[PDB]
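One file, final18.pdb, is given below (PDB, C-alpha atoms).
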ATOM      1  CA  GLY A   2       0.000   0.000   0.000
ATOM      2  CA  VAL A   3       0.853   3.702   0.165
ATOM      3  CA  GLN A   4       1.132   6.077   3.163
ATOM      4  CA  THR A   5       1.946   9.827   3.184
ATOM      5  CA  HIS A   6       3.613  11.911   5.905
ATOM      6  CA  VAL A   7       4.395  15.631   5.763
ATOM      7  CA  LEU A   8       6.875  17.697   7.785
ATOM      8  CA  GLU A   9       7.026  21.507   7.755
ATOM      9  CA  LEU A  10       9.940  23.529   9.051
ATOM     10  CA  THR A  11      10.145  27.302   9.402
ATOM     11  CA  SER A  12      13.564  28.981   9.491
ATOM     12  CA  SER A  13      14.657  32.613   9.758
ATOM     13  CA  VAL A  14      16.908  31.941   6.734
ATOM     14  CA  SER A  15      16.060  32.752   3.111
ATOM     15  CA  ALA A  16      14.761  30.000   0.811
ATOM     16  CA  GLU A  17      17.613  30.676  -1.641
ATOM     17  CA  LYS A  18      20.151  30.218   1.138
ATOM     18  CA  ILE A  19      18.623  27.026   2.528
ATOM     19  CA  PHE A  20      17.947  25.444  -0.839
ATOM     20  CA  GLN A  21      21.615  26.150  -1.568
ATOM     21  CA  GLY A  22      23.037  24.518   1.580
ATOM     22  CA  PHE A  23      20.498  21.715   1.616
ATOM     23  CA  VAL A  24      20.513  20.655  -2.033
ATOM     24  CA  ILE A  25      23.157  22.244  -4.241
ATOM     25  CA  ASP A  26      26.104  22.387  -1.812
ATOM     26  CA  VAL A  27      24.878  19.731   0.639
ATOM     27  CA  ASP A  28      27.804  17.305   0.034
ATOM     28  CA  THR A  29      30.064  20.153   1.245
ATOM     29  CA  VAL A  30      27.855  21.661   3.972
ATOM     30  CA  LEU A  31      26.751  18.475   5.733
ATOM     31  CA  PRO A  32      30.290  17.516   6.829
ATOM     32  CA  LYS A  33      31.193  21.031   8.027
ATOM     33  CA  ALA A  34      27.894  21.625   9.836
ATOM     34  CA  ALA A  35      27.187  18.183  11.320
ATOM     35  CA  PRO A  36      30.151  15.796  11.061
ATOM     36  CA  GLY A  37      28.810  13.034  13.355
ATOM     37  CA  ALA A  38      25.419  12.852  11.635
ATOM     38  CA  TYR A  39      26.904  10.322   9.196
ATOM     39  CA  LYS A  40      30.025   8.187   8.674
ATOM     40  CA  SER A  41      30.826   7.758   4.957
ATOM     41  CA  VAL A  42      29.589   8.749   1.488
ATOM     42  CA  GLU A  43      30.096   7.506  -2.048
ATOM     43  CA  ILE A  44      28.339   9.566  -4.754
ATOM     44  CA  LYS A  45      27.975   8.005  -8.237
ATOM     45  CA  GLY A  46      26.710  10.639 -10.729
ATOM     46  CA  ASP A  47      27.207  14.354 -11.548
ATOM     47  CA  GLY A  48      24.712  15.617  -8.958
ATOM     48  CA  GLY A  49      21.500  16.070 -10.965
ATOM     49  CA  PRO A  50      18.753  13.479 -11.682
ATOM     50  CA  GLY A  51      19.900   9.840 -11.582
ATOM     51  CA  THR A  52      22.705  10.532  -9.087
ATOM     52  CA  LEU A  53      23.152   7.919  -6.351
ATOM     53  CA  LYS A  54      24.288   8.747  -2.802
ATOM     54  CA  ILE A  55      25.248   5.686  -0.765
ATOM     55  CA  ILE A  56      25.305   6.759   2.899
ATOM     56  CA  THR A  57      26.629   4.989   6.014
ATOM     57  CA  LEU A  58      25.429   5.908   9.544
ATOM     58  CA  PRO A  59      27.247   6.013  12.946
ATOM     59  CA  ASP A  60      28.185   2.592  14.357
ATOM     60  CA  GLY A  61      25.922   2.194  17.397
ATOM     61  CA  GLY A  62      22.517   3.117  15.962
ATOM     62  CA  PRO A  63      19.364   1.364  14.678
ATOM     63  CA  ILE A  64      19.865   1.935  10.911
ATOM     64  CA  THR A  65      23.246   1.382   9.208
ATOM     65  CA  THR A  66      22.802   2.103   5.478
ATOM     66  CA  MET A  67      20.573   4.091   3.142
ATOM     67  CA  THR A  68      20.834   4.852  -0.577
ATOM     68  CA  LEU A  69      19.345   7.951  -2.193
ATOM     69  CA  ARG A  70      18.420   8.595  -5.801
ATOM     70  CA  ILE A  71      17.944  12.204  -6.907
ATOM     71  CA  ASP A  72      14.773  12.412  -9.027
ATOM     72  CA  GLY A  73      14.694  16.157  -9.701
ATOM     73  CA  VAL A  74      16.216  19.528  -8.850
ATOM     74  CA  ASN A  75      14.501  22.775  -9.820
ATOM     75  CA  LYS A  76      16.656  25.767  -8.843
ATOM     76  CA  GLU A  77      14.081  28.242 -10.126
ATOM     77  CA  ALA A  78      11.249  26.521  -8.269
ATOM     78  CA  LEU A  79      13.180  25.704  -5.074
ATOM     79  CA  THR A  80      12.004  22.134  -5.460
ATOM     80  CA  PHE A  81      13.865  18.920  -4.782
ATOM     81  CA  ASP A  82      12.813  15.300  -5.279
ATOM     82  CA  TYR A  83      14.637  12.230  -3.978
ATOM     83  CA  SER A  84      13.823   8.585  -3.222
ATOM     84  CA  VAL A  85      15.275   6.051  -0.792
ATOM     85  CA  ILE A  86      15.792   2.975  -2.964
ATOM     86  CA  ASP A  87      18.080   0.738  -0.872
ATOM     87  CA  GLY A  88      19.647   0.067   2.552
ATOM     88  CA  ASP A  89      18.386  -1.281   5.883
ATOM     89  CA  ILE A  90      16.384   1.893   6.660
ATOM     90  CA  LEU A  91      13.653   0.182   4.583
ATOM     91  CA  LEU A  92      13.511  -2.622   7.188
ATOM     92  CA  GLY A  93      11.858  -5.606   5.460
ATOM     93  CA  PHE A  94       8.504  -4.093   4.515
ATOM     94  CA  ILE A  95       9.314  -0.875   2.588
ATOM     95  CA  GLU A  96       9.918  -0.951  -1.180
ATOM     96  CA  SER A  97      10.876   2.750  -1.403
ATOM     97  CA  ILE A  98      10.419   6.197   0.162
ATOM     98  CA  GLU A  99       9.343   8.927  -2.284
ATOM     99  CA  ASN A 100      10.226  12.397  -0.965
ATOM    100  CA  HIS A 101       9.389  15.835  -2.315
ATOM    101  CA  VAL A 102      10.707  19.031  -0.708
ATOM    102  CA  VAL A 103       9.399  22.528  -1.393
ATOM    103  CA  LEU A 104      10.851  25.833  -0.205
ATOM    104  CA  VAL A 105       8.579  28.872   0.015
ATOM    105  CA  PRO A 106       9.627  32.409   0.974
ATOM    106  CA  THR A 107       8.000  34.255   3.882
ATOM    107  CA  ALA A 108       7.334  37.933   4.522
ATOM    108  CA  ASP A 109       9.742  38.149   7.453
ATOM    109  CA  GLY A 110      12.642  37.223   5.108
ATOM    110  CA  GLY A 111      12.758  33.586   6.125
ATOM    111  CA  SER A 112      11.318  30.411   4.666
ATOM    112  CA  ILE A 113       9.141  27.347   5.058
ATOM    113  CA  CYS A 114      10.499  23.918   4.077
ATOM    114  CA  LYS A 115       7.674  21.462   3.417
ATOM    115  CA  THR A 116       8.943  17.934   2.812
ATOM    116  CA  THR A 117       6.430  15.303   1.766
ATOM    117  CA  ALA A 118       7.404  11.651   2.203
ATOM    118  CA  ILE A 119       5.453   8.826   0.516
ATOM    119  CA  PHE A 120       6.248   5.303   1.808
ATOM    120  CA  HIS A 121       5.663   2.495  -0.719
ATOM    121  CA  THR A 122       5.120  -0.602   1.408
ATOM    122  CA  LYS A 123       4.366  -4.136   0.221
ATOM    123  CA  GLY A 124       0.849  -5.574   0.463
ATOM    124  CA  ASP A 125      -1.239  -4.155   3.342
ATOM    125  CA  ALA A 126       1.909  -3.240   5.344
ATOM    126  CA  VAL A 127       1.688  -0.053   7.401
ATOM    127  CA  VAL A 128       4.588   1.988   8.831
ATOM    128  CA  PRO A 129       4.143   2.398  12.662
ATOM    129  CA  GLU A 130       3.796   5.761  14.451
ATOM    130  CA  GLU A 131       7.111   5.151  16.284
ATOM    131  CA  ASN A 132       9.208   4.758  13.097
ATOM    132  CA  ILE A 133       7.720   7.860  11.465
ATOM    133  CA  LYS A 134       8.141   9.785  14.724
ATOM    134  CA  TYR A 135      11.839   8.778  14.905
ATOM    135  CA  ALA A 136      12.429  10.238  11.437
ATOM    136  CA  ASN A 137      10.750  13.546  12.360
ATOM    137  CA  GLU A 138      12.700  13.775  15.621
ATOM    138  CA  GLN A 139      15.917  13.047  13.655
ATOM    139  CA  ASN A 140      15.273  14.944  10.413
ATOM    140  CA  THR A 141      14.426  18.081  12.412
ATOM    141  CA  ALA A 142      17.710  17.815  14.336
ATOM    142  CA  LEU A 143      19.581  17.693  11.025
ATOM    143  CA  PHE A 144      17.739  20.775   9.701
ATOM    144  CA  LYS A 145      18.437  22.776  12.860
ATOM    145  CA  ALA A 146      22.102  21.748  12.683
ATOM    146  CA  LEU A 147      22.578  22.879   9.068
ATOM    147  CA  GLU A 148      20.479  26.000   9.758
ATOM    148  CA  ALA A 149      22.834  26.951  12.587
ATOM    149  CA  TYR A 150      25.845  26.758  10.244
ATOM    150  CA  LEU A 151      24.056  28.689   7.480
ATOM    151  CA  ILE A 152      23.332  31.543   9.893
ATOM    152  CA  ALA A 153      26.959  31.654  11.131
ATOM    153  CA  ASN A 154      28.524  31.793   7.642
TER     154      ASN A 154
END
In structure tokens, write the structure found in this file.
Amino acid sequence: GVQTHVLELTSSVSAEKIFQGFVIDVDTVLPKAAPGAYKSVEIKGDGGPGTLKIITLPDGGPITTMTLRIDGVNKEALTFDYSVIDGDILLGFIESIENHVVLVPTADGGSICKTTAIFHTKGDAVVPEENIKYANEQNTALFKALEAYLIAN
């Protein structure tokens, strides 16, 4: 089946500036801004659609591996699409995770980042509240960590 979850994040940073650090220069900003968030990266592809990012997570955690495909990048739209296609983040039950992120400017000079995740499970399988809640808890922490760095520099 198919299940949708949305997360919305407001920052005091411009959409241009976030989109930049989060999408375009992310392979450079991640490591500077939050070194312990991950462990290793191989990136096969130029950067645009089709590009694979094989990620490895810190030793003593639940999940160890996750692989990302970039589906689309629209610089003019501040839009970014990526899927999780592989790794043990999918547990047994999850075929893929289809994500869509949208930046929108606000009147105070900041931004809203709406990311929409769409879990493609097998059969009638449903993703528990606890697993989705762990990703929000975690994903937020990553956003706030980058954000911090973006403000400083």
Where does the PyMOL selection byres ((chain A and resi 83-98) around 6) land in this file, that is, which residues does it pick, as a ChimeraX atom specification?
/A:64,66-72,82,99-100,119-123
Listed atoms of range 72-75 of chain A boxed along x, y and z, 4 Å each side, centre and edge lengths in Å, one decimal, as JSON:
{"center_x": 15.4, "center_y": 17.6, "center_z": -9.3, "size_x": 9.7, "size_y": 18.4, "size_z": 9.0}
Surrounding residues of residue 73 in chain A excluding itself and chain neighbours under 3 positions, 9 Å, only C-alpha atoms, as a short mmCIF file (atom, residue, chain, number, x, y, z; two decimals) with C-alpha atoms, in the coordinates of the input:
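Dumped to around.cif:
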data_model
loop_
_atom_site.label_atom_id
_atom_site.label_comp_id
_atom_site.auth_asym_id
_atom_site.auth_seq_id
_atom_site.Cartn_x
_atom_site.Cartn_y
_atom_site.Cartn_z
CA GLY A 49 21.50 16.07 -10.96
CA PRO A 50 18.75 13.48 -11.68
CA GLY A 51 19.90 9.84 -11.58
CA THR A 80 12.00 22.13 -5.46
CA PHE A 81 13.86 18.92 -4.78
CA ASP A 82 12.81 15.30 -5.28
CA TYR A 83 14.64 12.23 -3.98
#
Please write as a short mmCIF file (atom, residue, chain, number, x, y, z; two decimals) with C-alpha atoms, in the frame of the given file the full residue list that the PyMOL selection byres ((chain A and resi 133) around 12) yields on this file.
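Here's the written file expr-v2.cif:
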data_model
loop_
_atom_site.label_atom_id
_atom_site.label_comp_id
_atom_site.auth_asym_id
_atom_site.auth_seq_id
_atom_site.Cartn_x
_atom_site.Cartn_y
_atom_site.Cartn_z
CA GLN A 4 1.13 6.08 3.16
CA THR A 5 1.95 9.83 3.18
CA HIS A 6 3.61 11.91 5.90
CA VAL A 7 4.39 15.63 5.76
CA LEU A 8 6.88 17.70 7.78
CA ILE A 90 16.38 1.89 6.66
CA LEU A 91 13.65 0.18 4.58
CA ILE A 98 10.42 6.20 0.16
CA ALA A 118 7.40 11.65 2.20
CA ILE A 119 5.45 8.83 0.52
CA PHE A 120 6.25 5.30 1.81
CA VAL A 127 1.69 -0.05 7.40
CA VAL A 128 4.59 1.99 8.83
CA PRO A 129 4.14 2.40 12.66
CA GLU A 130 3.80 5.76 14.45
CA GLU A 131 7.11 5.15 16.28
CA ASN A 132 9.21 4.76 13.10
CA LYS A 134 8.14 9.78 14.72
CA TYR A 135 11.84 8.78 14.90
CA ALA A 136 12.43 10.24 11.44
CA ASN A 137 10.75 13.55 12.36
CA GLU A 138 12.70 13.78 15.62
CA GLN A 139 15.92 13.05 13.66
CA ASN A 140 15.27 14.94 10.41
#
Give me, as a ChimeraX atom specification, all polymer residues having an atom no more than 8 Å from residue 41 in chain A, counting all atoms listed in the file and skipping those fewer than 3 positions away in the same chain.
/A:56-58
Calculated over all atoms listed in the file, which of the candidates A:79, A:147, A:126, A:10 has the smallest distance to residue 29 in chain A?
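Comparing A:79, A:147, A:126, A:10 against residue 29 in chain A, the winner is A:147.
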Given the file shown, determine the residues that the PyMOL selection byres ((chain A and resi 14-17) around 8) selects; report them as an MDAnalysis selection string.
chainID A and resid 12:13 18:21 79 104:106 110:113 148 151:152
So how many Å separate CA of residue 23 in chain A and CA of residue 48 in chain A, to one decimal?
12.9 Å
Close residues, residue 38 in chain A itself excluded, 9 Å, all atoms listed in the file, min 6 positions apart in chain, as a PyMOL selection string:
chain A and resi 31-32+58-59+143
Computed gap from CA of residue 153 in chain A to CA of residue 35 in chain A is 13.5 Å
What's the separation between CA of residue 55 in chain A and CA of residue 125 in chain A, in Å to one decimal place?
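Answer for the CA of residue 55 in chain A to CA of residue 125 in chain A separation: 28.6 Å.
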Counting only C-alpha atoms, which residue out of A:101, A:60, A:36, A:43 sits closest to residue 75 in chain A?
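Closest to residue 75 in chain A of all the choices is A:101.
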